[PDB]
Amino acid sequence: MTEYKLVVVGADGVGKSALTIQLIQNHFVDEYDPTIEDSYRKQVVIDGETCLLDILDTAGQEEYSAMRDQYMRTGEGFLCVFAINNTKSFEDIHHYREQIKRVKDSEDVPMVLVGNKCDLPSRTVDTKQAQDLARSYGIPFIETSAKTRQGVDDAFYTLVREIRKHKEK
Ligand SMILES: COC(=O)CCc1nc2c(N3CC(N(C)C)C3)nc3c(F)c(-c4cc(O)cc5ccccc45)c(CCC#N)cc3c2n1[C@H]1[C@H]2CN[C@@H]1C2
Ligand SMILES: Nc1nc2c(ncn2[C@@H]2O[C@H](COP(=O)(O)OP(=O)(O)O)[C@@H](O)[C@H]2O)c(=O)[nH]1
Ligand SMILES: [Mg+2]
């Protein structure tokens, strides 16, 4: 079995906790405490490999300490999540990407762009906008719904595949 340290980042309210819990428990949790940062394991077979996915669901205040940088640096791959109904969350993606590159001291960190809440009608960030951003970074884009589970396995499993490709460079 191989362990993978996955970190879920993005603005408050994009569905980081709901995506994490959907992966771990196969159910949609409404209004999970917005302040709580925590880690969960999922054991899963991906392309024949038994994987131990340790998933950090980030929360809390915007703060930069040396300890906070050290903790983020333990991530092997990052899900950069926005919500398709929240333009400001999409505009925050650049920041999260740059902070990941800063703490990892690398231009090439495993990352997937996730557009969550795809079950909602009130879409303000179009598929093309997200695809173009992801193309500019050289990373995959996956649309997800933590409500319906659409795309959830794809998002996490694609991230694992991106880590495996990085390990081979
Ligand atoms: C809508 O408002 C919010 O979402 C407020 C909450 C929020 N905004 C931001 C933020 N924003 C809002 C913008 N402001 C300028 C207004 C930038 N950057 C953050 C950032 F760069 C780091 C950060 C610090 C660090 O040392 C190293 C890192 C390495 C990789 C990735 C991130 C970090 C961290 C800590 C680690 C993580 N993730 C938090 C940031 C943040 N937060 C909090 C909530 C929502 N996202 C996190 C949980
Ligand atoms: N319709 C819908 N609601 C979602 C989805 N993901 C999260 N939510 C809701 O959006 C709010 C914020 O989700 P949460 O998981 O707390 O976001 P976090 O702050 O990024 O951890 C909650 O009310 C969730 O129930 C989704 O894919 N679809
Ligand atoms: Mg949360």
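Just so you know, all these numbers are worked out from the coordinates, no wet-lab data involved. Here the Cβ is made from the backbone with ideal geometry for all residues, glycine too, and neighbour counts use every protein chain on show.
Checking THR74 against (1) within 12 Å of ligand 1 (Cβ to nearest atom); (2) without any contact (Cβ under 8 Å) to a residue 24 or more places away in the chain: exactly one of these is not met. Which one?
Condition (2) is where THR74 drops out.
Please go through segment 4-49 and give me each residue that is without any contact (Cβ under 8 Å) to a residue 24 or more places away in the chain, within 9 Å of ligand 3 (Cβ to nearest atom) and of a type outside the set (D, E, K, R), ordered by number.
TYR32, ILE36
How many residues does segment 60-79 hold that are within 16 Å of ligand 3 (Cβ to nearest atom), of a type outside the set (D, E, K, R) and part of a loop (DSSP other than H, G, I, E, B)?
Residues flagged as within 16 Å of ligand 3 (Cβ to nearest atom), of a type outside the set (D, E, K, R) and part of a loop (DSSP other than H, G, I, E, B) within segment 60-79 amount to 2.
When the residues of segment 128-155 are filtered to those that are over 16 Å from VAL9 (Cβ atoms) and β-branched (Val, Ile, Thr), which remaining residue is farthest from ligand 1 (Cβ to nearest atom)?
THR148
Return the residue satisfying two criteria in turn: it lies in segment 5-55 and is away from ligand 1 (no atom under 16 Å from the Cβ) and in contact with an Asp or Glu (Cβ under 6 Å, 6 or more places away or on another chain), and of such residues it is farthest from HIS95 (Cα to Cα).
If we take residues in segment 5-55 being away from ligand 1 (no atom under 16 Å from the Cβ) and in contact with an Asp or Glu (Cβ under 6 Å, 6 or more places away or on another chain), then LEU52 is farthest from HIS95 (Cα to Cα).
Go through segment 80-134 and give me each residue that's surrounded by 14 or more Cβ atoms within 10 Å (Cβ to Cβ), outside any helix (DSSP H, G or I) and small (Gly, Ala, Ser).
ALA83, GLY115
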